[PDB]
Amino acid sequence: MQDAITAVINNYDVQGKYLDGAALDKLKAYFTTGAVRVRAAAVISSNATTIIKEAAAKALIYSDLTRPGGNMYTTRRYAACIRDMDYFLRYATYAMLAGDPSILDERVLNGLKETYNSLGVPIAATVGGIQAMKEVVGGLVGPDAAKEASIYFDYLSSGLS
Amino acid sequence: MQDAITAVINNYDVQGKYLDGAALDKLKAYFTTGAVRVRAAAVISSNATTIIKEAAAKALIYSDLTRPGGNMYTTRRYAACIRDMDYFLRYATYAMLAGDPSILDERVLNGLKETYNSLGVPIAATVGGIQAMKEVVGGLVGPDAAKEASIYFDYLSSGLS
Amino acid sequence: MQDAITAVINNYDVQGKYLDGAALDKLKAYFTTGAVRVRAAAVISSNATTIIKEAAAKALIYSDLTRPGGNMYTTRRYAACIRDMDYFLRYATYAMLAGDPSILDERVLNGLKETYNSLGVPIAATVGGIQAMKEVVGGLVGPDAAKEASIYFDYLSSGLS
Amino acid sequence: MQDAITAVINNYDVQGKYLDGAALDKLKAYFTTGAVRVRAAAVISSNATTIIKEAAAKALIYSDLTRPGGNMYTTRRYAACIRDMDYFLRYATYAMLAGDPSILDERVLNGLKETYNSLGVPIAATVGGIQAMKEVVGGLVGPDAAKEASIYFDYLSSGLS
Amino acid sequence: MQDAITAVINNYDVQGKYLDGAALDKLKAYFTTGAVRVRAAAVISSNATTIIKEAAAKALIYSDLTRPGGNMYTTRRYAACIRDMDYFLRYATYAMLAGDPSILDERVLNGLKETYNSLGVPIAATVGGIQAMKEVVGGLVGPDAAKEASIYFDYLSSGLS
Amino acid sequence: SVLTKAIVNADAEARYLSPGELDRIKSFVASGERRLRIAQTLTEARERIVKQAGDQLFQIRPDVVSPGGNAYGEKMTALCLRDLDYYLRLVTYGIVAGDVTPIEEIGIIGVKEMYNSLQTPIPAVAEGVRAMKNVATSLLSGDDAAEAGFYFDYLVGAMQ
Amino acid sequence: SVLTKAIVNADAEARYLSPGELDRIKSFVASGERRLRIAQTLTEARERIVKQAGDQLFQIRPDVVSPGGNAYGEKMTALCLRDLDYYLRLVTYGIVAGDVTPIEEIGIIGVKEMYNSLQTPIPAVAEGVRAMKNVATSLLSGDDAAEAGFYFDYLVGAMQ
Amino acid sequence: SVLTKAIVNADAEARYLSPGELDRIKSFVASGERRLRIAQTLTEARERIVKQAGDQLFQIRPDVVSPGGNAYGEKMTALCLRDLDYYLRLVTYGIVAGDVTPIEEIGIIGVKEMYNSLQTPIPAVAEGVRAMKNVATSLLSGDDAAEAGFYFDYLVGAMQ
Amino acid sequence: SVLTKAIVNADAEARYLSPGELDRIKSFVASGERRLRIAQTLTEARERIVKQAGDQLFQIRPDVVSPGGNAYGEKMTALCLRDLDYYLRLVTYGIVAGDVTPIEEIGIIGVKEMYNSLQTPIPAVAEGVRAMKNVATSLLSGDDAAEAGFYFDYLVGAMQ
Amino acid sequence: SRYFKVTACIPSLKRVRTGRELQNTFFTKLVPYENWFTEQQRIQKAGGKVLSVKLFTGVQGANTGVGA
Amino acid sequence: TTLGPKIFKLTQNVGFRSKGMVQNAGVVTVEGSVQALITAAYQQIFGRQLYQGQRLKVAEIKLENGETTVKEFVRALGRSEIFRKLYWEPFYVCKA
Ligand SMILES: CCC1=C(C)/C(=C/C2=NC(=C\c3[nH]c(/C=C4\NC(=O)[C@H](C)[C@H]4CC)c(C)c3CCC(=O)O)/C(CCC(=O)O)=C2C)NC1=O
Ligand SMILES: CCC1=C(C)/C(=C/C2=NC(=C\c3[nH]c(/C=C4\NC(=O)[C@H](C)[C@H]4CC)c(C)c3CCC(=O)O)/C(CCC(=O)O)=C2C)NC1=O
Ligand SMILES: CCC1=C(C)/C(=C/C2=NC(=C\c3[nH]c(/C=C4\NC(=O)[C@H](C)[C@H]4CC)c(C)c3CCC(=O)O)/C(CCC(=O)O)=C2C)NC1=O
Ligand SMILES: CCC1=C(C)/C(=C/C2=NC(=C\c3[nH]c(/C=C4\NC(=O)[C@H](C)[C@H]4CC)c(C)c3CCC(=O)O)/C(CCC(=O)O)=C2C)NC1=O
Ligand SMILES: CCC1=C(C)/C(=C/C2=NC(=C\c3[nH]c(/C=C4\NC(=O)[C@H](C)[C@H]4CC)c(C)c3CCC(=O)O)/C(CCC(=O)O)=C2C)NC1=O
Ligand SMILES: CCC1=C(C)/C(=C/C2=NC(=C\c3[nH]c(/C=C4\NC(=O)[C@H](C)[C@H]4CC)c(C)c3CCC(=O)O)/C(CCC(=O)O)=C2C)NC1=O
Ligand SMILES: CCC1=C(C)/C(=C/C2=NC(=C\c3[nH]c(/C=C4\NC(=O)[C@H](C)[C@H]4CC)c(C)c3CCC(=O)O)/C(CCC(=O)O)=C2C)NC1=O
Ligand SMILES: CCC1=C(C)/C(=C/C2=NC(=C\c3[nH]c(/C=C4\NC(=O)[C@H](C)[C@H]4CC)c(C)c3CCC(=O)O)/C(CCC(=O)O)=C2C)NC1=O
Ligand SMILES: CCC1=C(C)/C(=C/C2=NC(=C\c3[nH]c(/C=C4\NC(=O)[C@H](C)[C@H]4CC)c(C)c3CCC(=O)O)/C(CCC(=O)O)=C2C)NC1=O
């Protein structure tokens, strides 16, 4: 994986360049937002379970999805689905701390679209589950962090569609 | 895998034939070159490291390959490349002892072309690394063994291209 | 480990004897109590968790054992202890079905006394945990099965002391 | 394995005591020496190889130990011995950072005396190898850290004798 | 393991001595008996099964050992016992070829006394099984080899008692 | 601690500590006296924090102190504030260590079984800890209150 | 970085980041501005550091620039200083990130095998790095010189 | 062969051949012409060797060639000698290879299952092979007869 | 030896020696007197060989015996020839054993770690051994010189 | 981090091993604390006998410091 | 059979057996059969050998000294550091 900082280091390493003014400006733009990323992660982590619960309630359950014939019918599959939800939330929190989406590609999106096609897992319904968790997250983390958390949920959801 | 001798045995076994004159002539043609194969292997094995170093020096390093942007840039990848080189040398030595290239297909070439395409490993540059080790080998092993060692390096290199 | 039917078969097989009226009488004495053993097992299995809970409540917790300095202090230790309790209950249920204590020796008691000495696990306190589960079991299974279940709990507890 | 901060907590936990004034004074006595421990570790780590070399030169080699019949005769055993030396140095550096010798017992001394008796490894000679590395270490780390590094080398050496 | 020849080489290596007259005399004393060792091994190997059968017949079966209560009662244990016998015969043949008992210690005797105590395997009865195979072996191999084969059977049997 | 967590990485790769690892030990230890002050203040007000936590928590979810509630009665309740006293303590052993290893060995390892076995309602319990946050946090400066708050929210997180 | 290292340990455990590892990051952020500044300073004097390192090296070990020496001759010396320029660059990277991370992948893992092939004496490369420490360190304030020095001593350590 | 066996062990331990492995290849190849002569003699007398094995077999077991026997009849006997011809062929292969790899894959692995299906008495096939040893061995010098005999006794061994 | 190697493989597969294994013991023992003569000649000239190899090692590597060289000085050179005397001795052992078991346990397993500690350049030790091959080989008949040469090239191989 | 010391006799009644299985039946080995329960039971289930148990590495009722 | 790959089983005592041999014997012998087992562990678990820093000693030291079995040497290697790193970390979770 890479973060903001190693994204820059590797981009310069392939050119064998010492870090110059443009590089140093990018890294500053990361460091200057760093404390806010940490606070936001502590809110998400400590509200993890409630975010999933409120996101499922707005976007998944009370529906045909949870009824016989639906993909989140059976305690087995309901458990698998909210298990997935926890992955998304947790990794988006990593991406936002790192200030780089590369981890969402390497460890979450790669092959996932076809995995879901192969099992029958409804993609559009999963995206709504992602964009509902974003909605909840953006309330809990506040002005400071709302836009920055949000983008990695949006990265996740355009990665499936 | 198979060698000269088992190549003949299996070719006759599928016909259920006892070994006949033509078979016996082939096996003789192997046994009669056997002592020379052994001596050649002992030269290659004991000069292994020097062959790689002289082959890399003529065909790989002092170049864009070892510079930033090049596939053998980074100590990691330089190490992986000369590691590979040792495989080639070592297996070619097996093929030449066996007097059969089948091991080069089973344990070296199978899937390797696409593996290199997938990682970005430069094929043409790797072939030159093979044909440089051949050049060195042919000097070290002498008249007796030069042609016989050479062919399995040539087998390796037309297996990639 | 053997059952009841082959603990008699092995007693007569280290003699060369056949099955003599005496043998057949023993086996009858087992078969004739068999149906009663089966439910009793169905009561224990289906009340497993409640038996442990009531046995711990009468004989382990609300005490120095669960307080700092006590062996079942820490969630890790408390979990290990009631895990053990489940083993005892479960195996005693096997012994009682088999009508033979040999499984309690082979798979539970062997080395356990010294294992507990080595970790510091309080033996006397563990016996009370066994004899409390027996008390609960004897109520739940009824007149039919009370004495028969009870003995394998008593086997367990004199195996430690 | 535990340290000074951790030991204070466990030592009080078994008594179920809040940290009180006496505890808080102990922890201060650790924190107040902490920066010096770090600097000392960076000197030892970065001079690791030279310390072993100078310690072996003063206390092991140029001797019957390295001659036929000696335990550090053969490149195999010479390698094993200075391998060991590196363990000692490295772990003593851990003990000194932690401000607690418990790791030296758990991961180094336990069974080592008898292991050395069983292989024939000379104990007295190994102690001199420890006390020579201490001598070198105490020069390199300076007034600040000399006494504190020294004690865990002395812990090691009275652990063998 | 070691044989006659490597016994001498390692005894001199630890002193870093080139082989001298005394060493050279020892090695001659081995080489000069070598052809006879080979012939003896070919007799033992090719009569292996008959030696075990005649040794068991004189020293094990037709007894309480093979009756209920006996350690070689059951086809399982009878099989294990003559399996063992084959080990002894086979390894003694190795020791005698090597002209060194070290293999009998490394791969046969180490821990075996206690293994037999732990299973209940009768030691004295096993020794008689060894000394009966020796008796048979000494007839089959003849004057040339009788004394030399015999000693490694005697090594085996005083290794258990 | 930070030491325990980190050295473990050193030993596992058979090596001395990195410049990075050394730096964090240095920054960590510099933040010592403050962490010790945060633990002292909270140790000094433990009885108040527990008691006021106990009043607060039976508003946000009372049912636990009712006929069919796990904490119904005087001694089912008192074992309840004592558990709240336990967790506040752990929130302070951990504060001086600068990480969770000590807390974890003594309290969140295999803690979802004690409770499941006891059928104490665990998720109410997380709420119980968040409340020791509200009281404790009102006895600390803004900066110290946040630093403390992370450890309260961890426990709340682990009971989940 | 410090970030990468913290996270990788977090994800391996599959639980959100702690308190004790959500701190170090804060220290690093404050440190990073200073860290970025030190790297820039080192970058400015690179040619002087390399050249003076190269003189200090060849006095201390004249054998490498002698008949049977790996660096004997005008080029064989040119490539040698270029390698010294490489490692100074990696040292600036390490300082800025706050964790050594990328430098390891770029220039120590595989370095034994590379230099053994080329027949380069490894311990005299370690000396060239000490020589650079001495020069670079004389262009930095006491506090910044120490912070830089840890990364120089790491490279010296890894070539071992 | 001896080659295949040596190499497979080499490659599986990721290494070049041992002095031992090299020595046996050398001793083996020196016996090449001799081994080829042993195969030639036996190939040259194949038809004789099968009829004398076949006579030796039917005396010792007249039952196999009896009402309830697997080889009862003219064409149940014809197939039986053909199987004896198969195994003599494999024995010539083994002798020139210097081990059983070829003999094994072609005619022992799976042989229990094959013959159990056909309900052929395996141990009387082993006898047919002993019978061939006796005939073949009478057409070879003492030294060559022993070398051949090992491969006959192997097949006899594998049908067991 | 050849014996030890054959047997260890036999015992490890729980079996008597193979025809192959028996053959190599026979060929080996037939070369006994010859192998003993090869060791005698070389033992008899051990001084000549070690000194000469040192002059030739120090010609291709003049700096080992130079300011920053491992063998620089009169007693750093004395120990260097003593090591050359050690390896010639082990080569005589190997020749009479017919394999490397003894050579290996005594002087290659652990040799990288030993010399890395002493900071001895390994590949120039390999050169010292080639130099000894050249001298020793000039005191032996063509056939015996080759047989000896395999063991010299092995040591050269193992220091790699 | 704690380790156990262990002694056990593992016996195979019906499998039948030809060569050298003496290491195979009786052995002493160090096992970690977290794998002991499973190891112990791997041994009871195949008829083995456990001669002794050694911590080797821990302390008896250590509340902290134990950890994995 | 010979139709599949070799199986290495460490029967060779190991154990630091000792004997009736010279106290500081040079040749020792057969503590080189363990060594091939040790490299063959690496060749299954990672597929190749590791580089110099990488190998896990002090797991081998114990296997070689006879203190732990083959089974536990595999466990140490499996749960190790570079094993995680090479094979877990860079891939999608189920590919890993
Ligand atoms: C056939 C397998 C299967 C089961 C059993 C199942 C249960 C299930 N129970 C639910 C809610 C619920 N279930 C209960 C049940 C109870 N409340 C209590 O206190 C009592 C202990 C218990 C009644 C005995 C309650 C109160 C909710 C609402 C919880 C909420 O909305 O947060 C929901 C979410 C609402 C929905 O979308 O349907 C599911 C999926 N789903 C399944 O696929
Ligand atoms: C670490 C990164 C990672 C991710 C994200 C991941 C996803 C993932 N989801 C899976 C299944 C699944 N995923 C879901 C998800 C859902 N069901 C619905 O109806 C909703 C639309 C949605 C939840 C919002 C369900 C129901 C299954 C079970 C399919 C089955 O029954 O086989 C599986 C198959 C294996 C298994 O069942 O566990 C994987 C690998 N695996 C990974 O390694
Ligand atoms: C960023 C990671 C990285 C490094 C460090 C690296 C080093 C590196 N050093 C090289 C050569 C060299 N390096 C040196 C260095 C030295 N000679 C000495 O004696 C001294 C000990 C030392 C100088 C301090 C010399 C003399 C050569 C030429 C060797 C030859 O051509 O045989 C080469 C081959 C030439 C080339 O193609 O560039 C590489 C790739 N490559 C990399 O990708
Ligand atoms: C036993 C038979 C066998 C072979 C031959 C083999 C080759 C092989 N080469 C690899 C990578 C590689 N191979 C090279 C090779 C080179 N780089 C260059 O620029 C040169 C042209 C060339 C050397 C002459 C490099 C640089 C990589 C690393 C690619 C990466 O960074 O992922 C990998 C990927 C896994 C790994 O990194 O180790 C394999 C499997 N694997 C095998 O199992
Ligand atoms: C330091 C680690 C640690 C903890 C935390 C711990 C808790 C613990 N809580 C207990 C009981 C209890 N704990 C509670 C707690 C509650 N009731 C509720 O409804 C609320 C949700 C909650 C209060 C916030 C109650 C009511 C009992 C009595 C349950 C019973 O007796 O059945 C007991 C059994 C009584 C005893 O023997 O002490 C233990 C061991 N033990 C430990 O070693
Ligand atoms: C299948 C048969 C079987 C049994 C029965 C078994 C028992 C057993 N109990 C253990 C520990 C333990 N056992 C207890 C038990 C108790 N603590 C108390 O205070 C009470 C008196 C008692 C519960 C009533 C505790 C607390 C430990 C943990 C000791 C430690 O911290 O290391 C361990 C050590 C490994 C581990 O921690 O899991 C074993 C093997 N193992 C088995 O394989
Ligand atoms: C029989 C198995 C065996 C070997 C081979 C062995 C070698 C060995 N070589 C040593 C030193 C040495 N060896 C050398 C050798 C060399 N310097 C070079 O540059 C060349 C590459 C090479 C000569 C060809 C040097 C220079 C030293 C001194 C290193 C020092 O003191 O730091 C030492 C330490 C000094 C001592 O106490 O004896 C040992 C033990 N020990 C053994 O038990
Ligand atoms: C992580 C903690 C740890 C330590 C400390 C450790 C020591 C240790 N030293 C050993 C052997 C040894 N240790 C030495 C040490 C010495 N020789 C001398 O003459 C000197 C007096 C001394 C060096 C100063 C030697 C020579 C051997 C090899 C014995 C043999 O040939 O079997 C062995 C046997 C396995 C092996 O050979 O690697 C162990 C386990 N193992 C561990 O896991
Ligand atoms: C390669 C070297 C080697 C040896 C020698 C060896 C012996 C050995 N004998 C065993 C058992 C045994 N050994 C015997 C032997 C005998 N019974 C008698 O009554 C007679 C006195 C005697 C035969 C003469 C029997 C009966 C058993 C089975 C014990 C049981 O039932 O568990 C076992 C236990 C595992 C097993 O059952 O296979 C071993 C390891 N193992 C080895 O690895």
# chains A, B, ... in the order shown; residues from 1 in each chain; ligands from 1
>>> interface_residues(of="chain B", to="chain I", cutoff="12 Å", atoms="only C-alpha atoms", output="list in words")
residues 38, 39, 41, 42, 43, 44, 45, 46, 47, 48, 49 and 50 of chain B
>>> write_last_selection(atoms="N, CA and C atoms", output="JSON list (two decimals), in the first residue's frame")
[["chain", "number", "residue", "atom", "x", "y", "z"],
["B", 38, "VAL", "N", 29.55, -34.73, -16.73],
["B", 38, "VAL", "CA", 29.85, -34.61, -15.31],
["B", 38, "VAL", "C", 30.93, -33.56, -15.04],
["B", 39, "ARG", "N", 32.06, -33.66, -15.74],
["B", 39, "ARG", "CA", 33.14, -32.68, -15.62],
["B", 39, "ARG", "C", 32.63, -31.25, -15.87],
["B", 41, "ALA", "N", 29.63, -30.05, -15.41],
["B", 41, "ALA", "CA", 28.75, -29.63, -14.33],
["B", 41, "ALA", "C", 29.55, -29.15, -13.14],
["B", 42, "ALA", "N", 30.72, -29.76, -12.92],
["B", 42, "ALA", "CA", 31.56, -29.45, -11.77],
["B", 42, "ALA", "C", 32.24, -28.09, -11.96],
["B", 43, "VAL", "N", 32.54, -27.76, -13.22],
["B", 43, "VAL", "CA", 33.08, -26.43, -13.58],
["B", 43, "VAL", "C", 32.01, -25.36, -13.39],
["B", 44, "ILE", "N", 30.82, -25.59, -13.95],
["B", 44, "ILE", "CA", 29.73, -24.63, -13.80],
["B", 44, "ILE", "C", 29.40, -24.42, -12.34],
["B", 45, "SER", "N", 29.11, -25.49, -11.60],
["B", 45, "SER", "CA", 28.77, -25.36, -10.18],
["B", 45, "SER", "C", 29.80, -24.55, -9.41],
["B", 46, "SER", "N", 31.07, -24.92, -9.53],
["B", 46, "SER", "CA", 32.13, -24.25, -8.78],
["B", 46, "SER", "C", 32.47, -22.80, -9.26],
["B", 47, "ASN", "N", 31.95, -22.39, -10.42],
["B", 47, "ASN", "CA", 32.13, -21.02, -10.95],
["B", 47, "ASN", "C", 30.82, -20.23, -11.08],
["B", 48, "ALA", "N", 29.72, -20.89, -10.71],
["B", 48, "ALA", "CA", 28.38, -20.31, -10.58],
["B", 48, "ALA", "C", 28.37, -18.81, -10.37],
["B", 49, "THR", "N", 28.89, -18.37, -9.22],
["B", 49, "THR", "CA", 28.82, -16.95, -8.86],
["B", 49, "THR", "C", 29.55, -16.01, -9.82],
["B", 50, "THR", "N", 30.72, -16.44, -10.31],
["B", 50, "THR", "CA", 31.55, -15.67, -11.26],
["B", 50, "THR", "C", 30.88, -15.59, -12.64]]
>>> residues_near_ligand(ligand="ligand 5", cutoff="6 Å", atoms="only C-alpha atoms and all ligand atoms", output="list in words")
residues 61, 62, 63, 66, 67, 73, 74 and 75 of chain C; 64, 70, 71, 76, 77, 79, 80, 81, 83, 84, 86, 106, 107, 118, 120, 121, 124, 125 and 128 of chain F
>>> interface_residues(of="chain I", to="chain K", cutoff="9 Å", atoms="only C-alpha atoms", output="PDB file with N, CA and C atoms, in the first residue's frame")
ATOM      1  N   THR I   4      29.691 -43.827   5.089  1.00  0.00           N
ATOM      2  CA  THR I   4      28.766 -43.058   5.902  1.00  0.00           C
ATOM      3  C   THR I   4      27.600 -42.549   5.060  1.00  0.00           C
ATOM      4  N   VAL I   8      23.757 -43.892   5.818  1.00  0.00           N
ATOM      5  CA  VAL I   8      22.795 -42.908   6.326  1.00  0.00           C
ATOM      6  C   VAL I   8      21.533 -42.857   5.454  1.00  0.00           C
ATOM      7  N   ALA I  12      17.936 -44.265   6.926  1.00  0.00           N
ATOM      8  CA  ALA I  12      16.841 -43.290   6.817  1.00  0.00           C
ATOM      9  C   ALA I  12      15.643 -43.788   6.004  1.00  0.00           C
ATOM     10  N   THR I 101      31.869 -35.065   3.977  1.00  0.00           N
ATOM     11  CA  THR I 101      31.336 -35.051   5.329  1.00  0.00           C
ATOM     12  C   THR I 101      32.349 -34.373   6.271  1.00  0.00           C
ATOM     13  N   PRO I 102      33.544 -34.976   6.435  1.00  0.00           N
ATOM     14  CA  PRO I 102      34.575 -34.416   7.316  1.00  0.00           C
ATOM     15  C   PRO I 102      35.003 -32.985   6.965  1.00  0.00           C
ATOM     16  N   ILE I 103      35.362 -32.732   5.710  1.00  0.00           N
ATOM     17  CA  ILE I 103      35.694 -31.374   5.247  1.00  0.00           C
ATOM     18  C   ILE I 103      34.635 -30.329   5.628  1.00  0.00           C
ATOM     19  N   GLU I 104      33.380 -30.760   5.632  1.00  0.00           N
ATOM     20  CA  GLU I 104      32.231 -29.855   5.733  1.00  0.00           C
ATOM     21  C   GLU I 104      31.984 -29.423   7.181  1.00  0.00           C
ATOM     22  N   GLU I 105      31.841 -30.394   8.070  1.00  0.00           N
ATOM     23  CA  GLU I 105      31.646 -30.144   9.500  1.00  0.00           C
ATOM     24  C   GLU I 105      32.815 -29.398  10.142  1.00  0.00           C
ATOM     25  N   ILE I 106      34.019 -29.574   9.585  1.00  0.00           N
ATOM     26  CA  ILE I 106      35.225 -29.032  10.211  1.00  0.00           C
ATOM     27  C   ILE I 106      35.506 -27.608   9.758  1.00  0.00           C
TER      28      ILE I 106
END
>>> atom_distance(atom1="atom CA of residue H:45", atom2="atom CA of residue H:138")
11.1 Å
>>> closest_residue(among="H:26, H:61, H:35, H:15", to="chain I", atoms="only C-alpha atoms")
H:26
>>> closest_residue(among="E:35, E:141, E:151, E:103", to="chain K", atoms="only C-alpha atoms")
E:103
>>> residues_near_ligand(ligand="ligand 4", cutoff="9 Å", atoms="only C-alpha atoms and all ligand atoms", output="ChimeraX atom specification")
/B:56,59-60,65-66,70-74,76-88,91,104,107-109,112,115-116,119-130 /K:47-48
>>> residues_around(residues="residue E:135", least_positions_apart="3", cutoff="10 Å", atoms="only C-alpha atoms", output="PyMOL selection string")
chain E and resi 51+54-55+130-132+138-140+146+150+153
>>> interface_residues(of="chain F", to="chain G", cutoff="7 Å", atoms="only C-alpha atoms", output="VMD selection string")
chain F and resid 2 18 to 20 24 27 98 to 99 150 to 151
>>> write_last_selection(atoms="N, CA, C and O atoms", output="PDB file, in the first residue's frame")
ATOM      1  N   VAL F   2       4.160   1.155  24.999  1.00  0.00           N
ATOM      2  CA  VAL F   2       4.734   1.400  23.677  1.00  0.00           C
ATOM      3  C   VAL F   2       5.995   0.529  23.564  1.00  0.00           C
ATOM      4  O   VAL F   2       6.313   0.029  22.496  1.00  0.00           O
ATOM      5  N   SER F  18      15.114   0.492  15.787  1.00  0.00           N
ATOM      6  CA  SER F  18      15.267   1.409  14.650  1.00  0.00           C
ATOM      7  C   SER F  18      15.389   2.845  15.173  1.00  0.00           C
ATOM      8  O   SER F  18      14.990   3.114  16.305  1.00  0.00           O
ATOM      9  N   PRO F  19      15.901   3.777  14.354  1.00  0.00           N
ATOM     10  CA  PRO F  19      15.790   5.190  14.723  1.00  0.00           C
ATOM     11  C   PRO F  19      14.351   5.577  15.025  1.00  0.00           C
ATOM     12  O   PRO F  19      14.088   6.203  16.048  1.00  0.00           O
ATOM     13  N   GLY F  20      13.423   5.198  14.144  1.00  0.00           N
ATOM     14  CA  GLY F  20      11.989   5.423  14.383  1.00  0.00           C
ATOM     15  C   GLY F  20      11.527   4.925  15.753  1.00  0.00           C
ATOM     16  O   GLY F  20      10.901   5.656  16.505  1.00  0.00           O
ATOM     17  N   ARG F  24      10.105   7.291  19.007  1.00  0.00           N
ATOM     18  CA  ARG F  24       8.767   7.219  19.587  1.00  0.00           C
ATOM     19  C   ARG F  24       8.871   6.933  21.067  1.00  0.00           C
ATOM     20  O   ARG F  24       8.020   7.383  21.841  1.00  0.00           O
ATOM     21  N   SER F  27       9.572  10.457  22.476  1.00  0.00           N
ATOM     22  CA  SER F  27       8.408  11.342  22.445  1.00  0.00           C
ATOM     23  C   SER F  27       7.376  10.887  23.442  1.00  0.00           C
ATOM     24  O   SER F  27       6.694  11.704  24.072  1.00  0.00           O
ATOM     25  N   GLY F  98       0.852   4.073  28.546  1.00  0.00           N
ATOM     26  CA  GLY F  98       0.853   4.657  27.207  1.00  0.00           C
ATOM     27  C   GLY F  98       0.403   3.710  26.111  1.00  0.00           C
ATOM     28  O   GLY F  98       0.514   4.028  24.939  1.00  0.00           O
ATOM     29  N   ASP F  99      -0.105   2.541  26.489  1.00  0.00           N
ATOM     30  CA  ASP F  99      -0.872   1.696  25.549  1.00  0.00           C
ATOM     31  C   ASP F  99      -1.700   0.671  26.340  1.00  0.00           C
ATOM     32  O   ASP F  99      -1.768   0.737  27.564  1.00  0.00           O
ATOM     33  N   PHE F 150      -9.771   8.955  24.900  1.00  0.00           N
ATOM     34  CA  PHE F 150      -9.469   7.920  23.914  1.00  0.00           C
ATOM     35  C   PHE F 150      -9.560   6.550  24.541  1.00  0.00           C
ATOM     36  O   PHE F 150     -10.095   5.623  23.939  1.00  0.00           O
ATOM     37  N   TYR F 151      -9.094   6.446  25.780  1.00  0.00           N
ATOM     38  CA  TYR F 151      -9.074   5.186  26.495  1.00  0.00           C
ATOM     39  C   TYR F 151     -10.484   4.789  26.948  1.00  0.00           C
ATOM     40  O   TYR F 151     -10.809   3.618  26.970  1.00  0.00           O
TER      41      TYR F 151
END
>>> decode(residues="stretch 87-91 of chain A", atoms="N, CA and C atoms", output="mmCIF file, in the first residue's frame")
data_model
loop_
_atom_site.group_PDB
_atom_site.id
_atom_site.type_symbol
_atom_site.label_atom_id
_atom_site.label_comp_id
_atom_site.auth_asym_id
_atom_site.auth_seq_id
_atom_site.Cartn_x
_atom_site.Cartn_y
_atom_site.Cartn_z
ATOM 1 N N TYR A 87 -15.949 -4.306 7.284
ATOM 2 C CA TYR A 87 -14.735 -4.178 6.466
ATOM 3 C C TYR A 87 -14.661 -2.816 5.817
ATOM 4 N N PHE A 88 -15.718 -2.464 5.081
ATOM 5 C CA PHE A 88 -15.763 -1.194 4.378
ATOM 6 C C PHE A 88 -15.471 -0.047 5.333
ATOM 7 N N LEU A 89 -16.243 0.045 6.407
ATOM 8 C CA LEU A 89 -16.040 1.111 7.377
ATOM 9 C C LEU A 89 -14.572 1.162 7.852
ATOM 10 N N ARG A 90 -14.040 0.000 8.213
ATOM 11 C CA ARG A 90 -12.718 -0.082 8.798
ATOM 12 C C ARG A 90 -11.633 0.332 7.804
ATOM 13 N N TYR A 91 -11.728 -0.152 6.571
ATOM 14 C CA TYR A 91 -10.740 0.173 5.553
ATOM 15 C C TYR A 91 -10.844 1.616 5.110
#
